[PDB]
Amino acid sequence: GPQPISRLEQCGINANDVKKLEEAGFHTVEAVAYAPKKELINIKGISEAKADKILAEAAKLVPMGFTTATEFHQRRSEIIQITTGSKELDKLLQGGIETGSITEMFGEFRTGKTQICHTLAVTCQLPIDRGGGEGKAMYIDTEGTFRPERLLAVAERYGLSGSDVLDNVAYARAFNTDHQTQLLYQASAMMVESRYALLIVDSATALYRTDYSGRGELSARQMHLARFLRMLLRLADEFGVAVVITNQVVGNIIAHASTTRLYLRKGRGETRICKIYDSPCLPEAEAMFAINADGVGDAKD
Amino acid sequence: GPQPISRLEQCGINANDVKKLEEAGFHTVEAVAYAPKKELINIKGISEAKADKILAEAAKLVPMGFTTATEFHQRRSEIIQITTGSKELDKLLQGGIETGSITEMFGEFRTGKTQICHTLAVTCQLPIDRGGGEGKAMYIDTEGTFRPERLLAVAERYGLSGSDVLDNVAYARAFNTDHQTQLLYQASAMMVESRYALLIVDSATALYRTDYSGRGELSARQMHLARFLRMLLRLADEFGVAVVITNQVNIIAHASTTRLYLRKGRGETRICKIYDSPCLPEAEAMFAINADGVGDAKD
Amino acid sequence: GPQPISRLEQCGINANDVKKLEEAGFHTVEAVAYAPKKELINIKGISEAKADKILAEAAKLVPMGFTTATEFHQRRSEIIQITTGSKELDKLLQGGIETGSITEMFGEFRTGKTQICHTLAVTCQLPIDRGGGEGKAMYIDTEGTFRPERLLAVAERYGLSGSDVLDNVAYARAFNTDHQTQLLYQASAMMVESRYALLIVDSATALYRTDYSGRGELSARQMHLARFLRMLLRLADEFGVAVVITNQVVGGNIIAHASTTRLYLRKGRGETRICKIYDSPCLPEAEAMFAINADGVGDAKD
Ligand SMILES: Nc1ncnc2c1ncn2[C@@H]1O[C@H](COP(=O)(O)OP(=O)(O)OP(=O)(O)O)[C@@H](O)[C@H]1O
Ligand SMILES: Nc1ncnc2c1ncn2[C@@H]1O[C@H](COP(=O)(O)OP(=O)(O)OP(=O)(O)O)[C@@H](O)[C@H]1O
Ligand SMILES: Nc1ncnc2c1ncn2[C@@H]1O[C@H](COP(=O)(O)OP(=O)(O)OP(=O)(O)O)[C@@H](O)[C@H]1O
Ligand SMILES: [Mg+2]
Ligand SMILES: [Mg+2]
Ligand SMILES: [Mg+2]
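Residues numbered from 1 in each chain as written, not as in the entry; some residues may be left out. Chains lettered and ligands numbered in written order. Part of a larger assembly, values for the part shown. Heavy atoms only, no water.

- Per the PDB record, the structure was determined using X-ray crystallography to 3.930 Å resolution.

## Some thoughts on the sheet that holds strand 6 (residues 169-173) of chain A
Okay, step 1: Ordered in space as 12(A)-11(A)-10(A)-9(A)-4(A)-8(A)-7(A)-5(A)-6(A)-1(C), the 10 strands form an open sheet in which the pairing is mixed. If you trace the sheet from one side to the other, it starts and ends with strand 12 (295-298) of chain A together with strand 1 (67-68) of chain C, each paired once.
Okay, step 2: The pairing of strand 5 (residues 136-141) of chain A with strand 7 (residues 196-202) of chain A spans 6 bridges and is classified as parallel. Among the inter-strand pairings, A:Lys136 is bridged to a residue of strand 7 of chain A, identified as A:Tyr196.
Okay, step 3: The sheet strands contacting helix 11 (residues 177-193) of chain A are strand 5, strand 6 and strand 7 of chain A, and the helix crosses strand 5 of chain A at an angle near 170 degrees. (Pairing = 2+ DSSP bridges. Helix = DSSP H or I, 4+ residues; strand = E, 2+ residues; numbered from the N terminus. Contact = heavy atoms within 4.5 Å. Axes fitted to C-alpha atoms, helices over the stretch in contact; angles between N-to-C directions.)

## Digging into the UniProt feature "domain: HhH" in chain B
Okay, step 1: If you check UniProt for "domain: HhH", the listed places come out as residues 28-57 of chain B in our numbering.
Okay, step 2: Summarising residues 28-57 of chain B: 73% helix, 0% strand, and an end-to-end C-alpha distance of 13 Å. (UniProt positions renumbered as here; feature names shortened; annotations may be inferred.)

## Considerations on the UniProt feature "binding site: ATP" in chain B
Residue and element names in this part refer to chain B.
Okay, step 1: The feature "binding site: ATP", as annotated in UniProt, sits at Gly107, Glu108, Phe109, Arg110, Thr111, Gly112, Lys113 and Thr114 in this numbering.
Okay, step 2: The topology assignment puts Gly107 in strand 3 (residues 102-107).
Okay, step 3: Contacts of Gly107, omitting those with residues within four sequence positions, involve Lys113, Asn247, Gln248, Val249 and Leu262.
Okay, step 4: Mapped onto the elements of the fold, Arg110 is located in the loop between strand 3 and helix 8 (113-123).
Okay, step 5: What makes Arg110 buried here is its relative accessible area of 14%. (Buried < 20%, exposed > 50% of the residue type's maximum accessible area, 1.4 Å probe, protein only.)

## Topic: the arrangement of the chains
Okay, step 1: By contact count, the dominant pairing among the 2 pairs of chains in contact is that of chains A and B.
Okay, step 2: Nothing in chain B touches chain C, and the closest approach of their C-alpha atoms is 22 Å.

## Brief notes about the site of ligand 2
Okay, step 1: Not every one of the 19 residues close to ligand 2 is listed here, only the nearest: B:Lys113, B:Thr114, B:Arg150, B:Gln248 and B:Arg270.
Okay, step 2: Ligand 2 sits at a junction of chains, with neighbouring residues supplied by chains A and B.
Okay, step 3: B:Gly112 has a polar backbone atom sitting 3.4 Å from an oxygen atom of ligand 2.
Okay, step 4: At 3.5 Å from a nitrogen atom of ligand 2 is found a main-chain nitrogen or oxygen belonging to B:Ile289.
Okay, step 5: Starting from 660 Å² of accessible surface for ligand 2 in isolation, the protein chains cover 93%.
Okay, step 6: Counting residues per element, the shell around ligand 2 draws most heavily on helix 8 of chain B, at 3 residues.
Okay, step 7: Its residues assigned to classes, the shell around ligand 2 comprises 6 nonpolar, 7 polar and 6 charged. (Near = heavy atom within 4 Å. Polar contact = N/O pair within 3.5 Å; in protein donor to acceptor, adjacent residues only side chain to side chain. Areas by Shrake-Rupley, 256 points an atom, 1.4 Å probe, with all protein chains shown as cover. Nonpolar A, V, L, I, M, F, W, Y, C, P; charged D, E, K, R; others polar.)

## Brief notes about the domain arrangement of chain B
Residue and element names in this part refer to chain B.
Okay, step 1: The domains assigned to chain B are domain 1 (1-73) and domain 2 (74-299).
Okay, step 2: Relative to domain 2, the C-alpha centre of domain 1 lies at a distance of 29 Å.
Okay, step 3: Listed by partner, the interface residues are 14 residues for domain 1 and 11 residues for domain 2.
Okay, step 4: Around 1,100 Å² of area is buried between domain 1 and domain 2 when both sides are counted, 51% of it from carbon and sulfur atoms.
Okay, step 5: Ranking the residues of domain 1 by area buried against domain 2 places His27, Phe72 and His73 at the top, with a combined share of 39%.
Okay, step 6: For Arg75, the salt bridge identified is with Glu71, shortest N-O distance 3.9 Å.
Okay, step 7: The interface formed by domain 1 and domain 2 holds 10 residue pairs in polar contact in total.
Okay, step 8: Where the side of domain 1 that touches domain 2 is concerned, the elements lending two or more residues are helix 2 (15-24), helix 3 (29-34) and helix 6 (69-77).
Okay, step 9: The biggest single contributor to the side of domain 1 that touches domain 2 is helix 6, with 4 residues.
Okay, step 10: Its residues assigned to classes, the side of domain 1 that touches domain 2 shows 6 nonpolar, 5 polar and 3 charged. (Domains from an automatic or database assignment. Buried area = accessible area lost by both parts, 1.4 Å probe. Salt bridge = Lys/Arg side-chain N within 4 Å of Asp/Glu carboxyl O.)

## Focus on the interface of chain C and chain A
Okay, step 1: Between chain C and chain A, the residue contacts involve 23 residues of the former and 30 residues of the latter.
Okay, step 2: For the pair chain C and chain A, the interface holds 3 salt bridges.
Okay, step 3: Applying the counting criterion to the chain C and chain A interface returns 9 residue pairs in polar contact.
Okay, step 4: Those elements giving two or more residues to the side of chain C that touches chain A turn out to be helix 3 (29-34), helix 4 (37-41), strand 1 and helix 6 (69-77) of chain C.
Okay, step 5: At 5 residues, the largest contribution of residues to the side of chain C that touches chain A is made by helix 6 of chain C.
Okay, step 6: The residue makeup of the side of chain C that touches chain A, split by class, is 10 nonpolar, 7 polar and 6 charged.
Okay, step 7: Bridge count between strand 6 of chain A and strand 1 of chain C: 2 bridges; the pairing is antiparallel.

## Some thoughts on the UniProt feature "domain: HhH" in chain C
Okay, step 1: UniProt records the feature "domain: HhH" at residues 28-57 of chain C, using the numbering of this structure.
Okay, step 2: For residues 28-57 of chain C, the end-to-end C-alpha separation is 13 Å, with 70% helix and 0% strand making up the annotated structure.

## So, the site of ligand 3
Residue and element names in this part refer to chain C.
Okay, step 1: Taken together, 13 residues are adjacent to ligand 3, and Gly112, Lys113, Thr114, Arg150 and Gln248 come closest.
Okay, step 2: One of the backbone nitrogen or oxygen atoms of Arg110 is found 3.2 Å away from an oxygen atom of ligand 3.
Okay, step 3: Separating an oxygen atom of ligand 3 from a backbone N or O atom of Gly112 is a distance of 3.3 Å.
Okay, step 4: In the complex, 66% of the free accessible area of ligand 3, which totals 660 Å², lies under the protein chains.
Okay, step 5: For the shell around ligand 3, the secondary-structure elements that each account for two or more residues are helix 8 (113-123) and strand 11 (287-293).
Okay, step 6: Of the residues in the shell around ligand 3, the class split is 3 nonpolar, 6 polar and 4 charged.

## Remarks on the packing of aromatic side chains
Okay, step 1: Taken as a whole and judged by the stated rule, the model has 20 aromatic pairs over all chains.
Okay, step 2: Summarising the aromatic geometry, the rings of A:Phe106 and A:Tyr263 are spaced 5.6 Å apart at their centres and angled 50 degrees between planes, so their arrangement reads as tilted.
Okay, step 3: Here the aromatic rings of C:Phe106 and C:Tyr278 are separated by 5.5 Å at their centres, their planes lie at 85 degrees, and the arrangement is edge-to-face.
Okay, step 4: Take C:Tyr278: its relative accessible area is 32%, and that puts it in the partly exposed class. (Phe/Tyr/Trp six-rings, centres within 6.5 Å; stacked < 30°, edge-to-face > 60°.)

## Topic: the pairing of strand 6 of chain A
All names here are of chain A.
Okay, step 1: Burial analysis of strand 6 places 4 of its 5 residues in the buried class, the great majority of the element.
Okay, step 2: Examined bridge by bridge, strand 5 and strand 6 share 5 bridges and lie parallel to one another. Residue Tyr139 lies in a different strand from strand 6, and its bridge partner there is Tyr171.

## Comments concerning the pattern of salt bridges
A side chain of one charge can pair with a side chain of the opposite charge when the charged atoms of the two come close.
Okay, step 1: Evaluation of the coordinates by the stated rule reveals 25 salt bridges over all chains.
Okay, step 2: Residues C:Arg76 and C:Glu98 are paired through a salt bridge, measuring 3.1 Å at the closest nitrogen-oxygen approach. Highlighted residues: C:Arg76 in helix 6 and C:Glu98 in strand 3 (residues 97-98), separated in sequence by 22 residues.
Okay, step 3: A residue is classified by how much of its surface remains accessible, and C:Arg76, at 22% relative accessible area, is partly exposed.
Okay, step 4: Notably, a salt bridge pairs C:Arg266 with C:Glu287, separated by 3.0 Å at the nearest N-O pair. A residue pair is termed long-range when its members are at least 10 positions apart, and C:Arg266 in strand 9 (residues 261-267) and C:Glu287 in strand 11 qualify at 21 residues.
Okay, step 5: Taken together, the shared-partner salt bridges connect A:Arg76, A:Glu98 and B:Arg147 into one network.

## Considerations on unusual backbone geometry
Okay, step 1: With an omega of 0 degrees, the peptide bond between A:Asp202 and A:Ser203 qualifies as cis.
Okay, step 2: As for its position among the elements, A:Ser203 is in the loop between strand 7 and helix 12 (207-210).
Okay, step 3: The residue after B:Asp202, namely B:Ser203, is reached through a cis peptide bond having omega 0 degrees.
Okay, step 4: Within the element layout of this structure, B:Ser203 appears in the loop between strand 6 (196-202) and helix 12 (207-210).
Okay, step 5: Backbone geometry places A:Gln3, a non-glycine residue, at a positive phi of 60 degrees.
Okay, step 6: You can see A:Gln3 is positioned in the segment before helix 1 (6-11).
Okay, step 7: Judged by its relative accessible area of 18%, A:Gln3 falls in the buried class.
Okay, step 8: The backbone of B:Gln94 shows a phi angle near 55 degrees, a positive value even though the residue is not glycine.
Okay, step 9: Along the polypeptide, B:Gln94 turns up in the loop between helix 7 (87-92) and strand 2 (97-98).

Structure below.
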């Protein structure tokens, strides 16, 4: 129950004003309730009086009162944890990737940040009883490393139709930072008509280094990156989907944006070691995994 | 003895005018005595004549004369200090978190600002004789980092019923600065029916960076934050509860009474340092983050 | 279908402004859509208003919306894979050299970086049904190791006219880094009038060590190399040709994401050589052995 924006018109908001909200980026009742007063006023063709009518009726459908901690604890029992393909890696995450939050994977090059994303892009279509999310996947690529054939190998592992998996994965390559943020506007509208479960941005920081290379323009890219991260957190709270982003390390804005940070480093041979950095519920522990032809699997020395 | 506002009606003020004061945020005689003349005039449906009647009769129940330092010293002896879970950390605070004042914890990410809040959200329910506050907990979250499972582990450490602990913790996530301030209005009404002891805002500065990002709007966000901090100080003086806020790293200079700096040590160990304080000396203390909550370091 | 830049003039942009885009390096509508806002504004005689009209109308011809994974799978199915001459080496690359992307071959001296380039310079002229690209070859040399006689021996192996093979190979030796980058401007104009299929730069890192030898100039050569690498990746997306560069490792961290497939070469017994794949999004870490024969790069024959 994400409260479609069409129900906001039933409260009293005229249908023409709803069109302005959809083109602005708001497609749910929870989105306008998330927005302050200044967000609706800045929209073209919306006065302060019209903004107050939206916030009042939006709070009726989505209440924001105080709830008991035992109630929010039961809300965590309804959270879906997507498997990563490795049993030892799933134990490290106390179940898997938590939906509705941003997960950051920072590590050296060639470690396997992109490989983990391709594996998760298929496991989200798995049934919920098998550790999936029963939703479509969304892959935003910036390195040119997207390979649909790698998705077919993961589908064969769990016995899913490779053709149906590719039909449920949306792909788009961002050419620049302005294009990278612009793709999120189309992403919000697509998640309203169909159910998605995973949003992948690989890489989320590559385009911010090539465009703004000067020293006086450092504050400019930080303003653009902060605005890009805020839209990711809004989409996570809006649709309850898992957000996975990659970062290349040879960065203080992705501190509070990410809810769970993962550090990847290379081990002996094809084995890799993963460690949890920042997390509110998971303890600092490590787990070993490997990168096989079937995707991300368990280590087999 | 904070003089509830119901006694103000007994002096001569009609009860209907008192209802307008409660909807504004004033629920005690000390609260309306705290407010100047301009605060009551700005309230809808209150004239200057009605405001003068309130302040005059409020001074009878709450006098504003000079008192001996030994008398105010005994009033500070009644202040409750909530334990933090670490014995070395409790010694640093000369007892623990002081109720009725704002405590700010500023530090880098992953230091443990949220972990201290979850630990204090359970230790505040302990009996006062056991180092608690004998009151419910209130958690206002802005990062999405609230974990009820962390509260259960701390409750099992001190031998408390996990179900009863979750029933005594109020949780609400603020989506923006306007929503963050709006939650305090509901918070004041909840503290009237039941006794609370701790108010947590994590983070108190995160939403003020996401909403107001421009440069021409810099003066606007400072006015909204200053008004938010004054409401926290008003709630602390009104109900005598502890206010704990986190900040990720000038307006919170005089607003905050005790500042705590957190930095990471080797492994799971953490180091805490006191920044600004009128009674606590500049000292440091070491603590750890265990599965049972915030405990002492054990090399 | 890369949408040539001449179609951008049909939308409303005057043809004279399009001429400035060709002199800058943009020859398709997908190229100006690839470029951000700052790239077009920095060009002499182009204002922000003219740049906004280009980017807006370019998005109309080349949409930048989300596509199904099955659609991008068919886009990779249309990519031409040029054979390397060794059957075991072609199996290692899941087909051959991928066009439209940069392929790096880093290895010690005498391993065979130059020999592989000469072999690919002839196999690209083969028919696509025979594993070729049906396009001309372009060789940018920096070591003075270009030998047309090696091209004639490879042409005799595949039964091609040696005279016609030499007529379809463009050669130019870069004397310095500034000359190395300047040759790419001439390369873009040549690929518009005639069809090319392969661009070879051997070596792509030799001139950046001899020219910039000081320590205070280290940050200067990295800016020039990074700008040079971006132009190679842009030409690959623009013309859909394969880009092969060689590097001596006694590599750089800037060619990390720029290169799509890295190959490591080491010497075996005799004339045999061993090849290994380093970084790749689709190819697994595996090794393959090959040899250097008089006919070019062939399979190992103990
Ligand atoms: N088909 C495959 N089968 C098995 N293993 C593979 C396959 N393809 C790639 N790998 C392995 O996965 C790794 C790929 O690393 P990856 O491309 O994910 O790095 P990355 O984190 O994306 O770095 P960057 O994005 O900065 O280039 C390689 O080291 C390789 O060993
Ligand atoms: N179950 C657990 N057992 C032991 N330690 C834990 C457990 N869960 C979390 N931790 C530790 O507590 C820390 C949590 O950091 P925390 O989330 O408090 O940072 P923070 O102050 O909220 O930073 P920010 O709010 O700016 O993101 C982690 O570094 C982790 O090592
Ligand atoms: N006509 C030929 N017949 C057989 N083998 C040959 C012939 N010509 C050259 N070779 C072999 O090919 C190899 C050439 O190595 P090559 O010049 O490709 O090294 P490289 O990778 O260019 O090193 P660098 O360019 O860094 O000096 C020689 O070792 C030689 O044995
Ligand atoms: Mg990658
Ligand atoms: Mg936190
Ligand atoms: Mg060579």
